[PDB]
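Residue numbers (this note's numbering): 224 to 457.
Here a beta-carbon is modelled for each residue, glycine too, at the ideal position from N, C-alpha and C.
Here's the structure we're looking at; comments come further down.
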């Protein structure tokens, strides 16, 4: 890589080539406790993520699709003309906090707090998830969501008061009867270090994701192939 901006050069260099990824989540939804471990790699040059998650406590008590957004936007591909707006890489290696509240329409909500940072050469996403007010018979605790995923656009805005960013966006999960379960996402990110970060102009991330299964895997699990591209600045 080569950019006239040495702050951009610093973040891009950490994400040159393929980077290993570790994901660790501890969850509690309506008192159903569970843990998830994920591994894979990210190639930010192509906005490309490949990850396999395993529920390490047994059966996952919520549908795998509902955890996709919770389970590393530093791997988004930012076009060269937009690399000055890449908050996620500029906070590295010290990292950033990512917090969300996810309102499932006519059901409960997830509250998530995660730290995303480097441990050596590995990009680590360590998460705590708290879910409350779900219907034990609803689409989530009742496992009524199809095992697939749509493409979305997340609008990113600066949160200058907090030296970070915020976004709110809608995820739609297909219900097995042909309907949709809306998951309204509210998100904020703040750096972990004291160093300077890139505060972006308004733009968006364009996502696409494919969920699959490992045919030789007997544990409850999800294979994810995901692409994320920044856009919206001409």
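Within a Cβ cutoff of 7 Å, which residues of the same chain sit near residue i, ignoring the five residues on either side of it in sequence?
i           : result
residue 374 : 430, 431
residue 362 : 330, 368, 398, 404
residue 355 : 253, 331, 332
residue 381 : 388, 422, 423
residue 257 : 250, 278, 280, 283, 284
residue 226 : 232, 235, 306
Confirm, please, whether the CB-CB distance from residue j to residue i is below 8 Å.
i           : j           : result
residue 327 : residue 267 : no
residue 323 : residue 410 : yes
residue 452 : residue 270 : yes
residue 186 : residue 296 : Because the chain is modelled from 224 through 457, residue 186 falls outside the range shown and cannot be assessed.
residue 415 : residue 340 : yes
residue 302 : residue 237 : no
residue 272 : residue 449 : yes
residue 420 : residue 314 : yes
residue 456 : residue 304 : yes
residue 286 : residue 372 : no
From which residue to which residue does the alpha helix (DSSP H) around residue i run?
i           : result
residue 231 : 229 to 237
Using the three-state DSSP reduction, which class does residue i fall into: helix, strand or coil?
i           : result
residue 306 : helix
residue 457 : coil
Within the continuous beta strand (DSSP E) that includes residue i, where are the two ends?
i           : result
residue 337 : 332 to 342
residue 421 : Unbroken run through residue 421: none, as it is neither H nor E.
residue 241 : No beta strand (DSSP E) holds residue 241; DSSP gives it neither H nor E.
residue 175 : Past the edges of the chain, shown from 224 to 457, lies residue 175, and the structure says nothing about it.
residue 224 : Run containing residue 224: none; DSSP gives neither H nor E here.
residue 427 : 426 to 435
residue 261 : 255 to 266
Keeping to the same chain, check which residues put their C-beta closer than 6 Å to that of residue i; ignore five residues upstream and five downstream.
i           : result
residue 364 : 357
residue 467 : Any question about residue 467 goes unanswered here, given that the chain covers just 224 to 457.
residue 464 : As shown, the chain starts at 224 and ends at 457. That puts residue 464 outside it, with no answer to give.
residue 392 : 377, 408
residue 425 : 380
residue 435 : 446
In its own chain, which residues sit with a C-beta less than 8 Å from the C-beta of residue i, not counting the 5 before and 5 after it?
i           : result
residue 437 : 275, 444, 446
residue 224 : 232, 235, 236, 239
residue 344 : 242, 243
residue 359 : 253, 365
Taking only beta-carbon atoms, is residue i less than 8 Å away from chain C?
i           : result
residue 326 : Given the protein chain composition of this structure (a single chain), no chain C is represented.
Exercise. Taking the runs of the beta strand (DSSP E) that are 3 residues or longer, which of them lie wholly in the stretch 348 to 407?
Worked result: As far as the stretch 348 to 407 is concerned, its whole beta strand (DSSP E) runs of at least 3 residues are 375 to 382, 387 to 397.
Exercise. Which whole runs of the alpha helix (DSSP H) in the stretch 275 to 328 are 4 residues long or more, in chain order?
Worked result: For the stretch 275 to 328, the full-length alpha helix (DSSP H) segments reaching 4 residues or more read 310 to 313 along the chain.
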